């Protein structure tokens, strides 16, 4: 079976079709499973700033380059195109680290996540997680400072957002935007988050090992 009953929106899909070129739609039509979407993001070059800005799905399809939220927004678009809600989840760190965004999806009542990253951490999640919490917690141990010895190995994840439904915005605002979508990032950051720790628990945390920081440092793209 492949169908489009994932509680997205026929009306919403119609609005998307009005905005997209034939080429864009032909691509999105092929990306009919979460797995196919992740496979597609694997062929996109991970970004650098070798401007460096928060591109729309349109820009990403044109230039075949993406950082995490650019990847997740394209994924959410592709999920919506096949009848899922376009859902983002923010993973919120201390100010020592950058947040990471994934695109949530469900298959047979279980949560998965599509993720664009250059490192072997914060990757795709299979639809096997019984709750958003359970999925989010599967990231905690592998979210740490690996790029400097300053707080080397410190675990930096502090909270996860409720699923963030992009349906609330006019699709023009993000799908095909030419501006900076920093307002969208900001709206995500400002949405309901659930803390993972209290102060006591934070004091318990143990740094990741040297082998872990070395492993995390590996790069998919030069």
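Numbering follows the first chain given and starts at 1.
In the deposited sequence, the stretch from residue 50 to residue 51 hides 1 to 3 residues that have no coordinates. Two stretches are in play, 147-155 and 86-94, and the higher mean C-alpha B-factor belongs to 147-155. The PDB entry records a higher mean C-alpha B factor for 41-49 than for its counterpart among 41-49 and 169-177. In this PDB entry, residue 130 carries a Cα temperature factor that places it within the highest third of its chain's modelled residues. Split the chain's modelled residues into thirds by C-alpha temperature factor. Residue 118 is in the highest one.
Per the deposited record, the Cα B-factor of residue 32 falls in the highest third when ranked against the other modelled residues of its chain. Per the deposited record, the Cα B-factor of residue 164 falls in the lowest third when ranked against the other modelled residues of its chain.
Per the PDB record, residue ranking by Cα B-factor puts residue 55 in the highest third of the chain.
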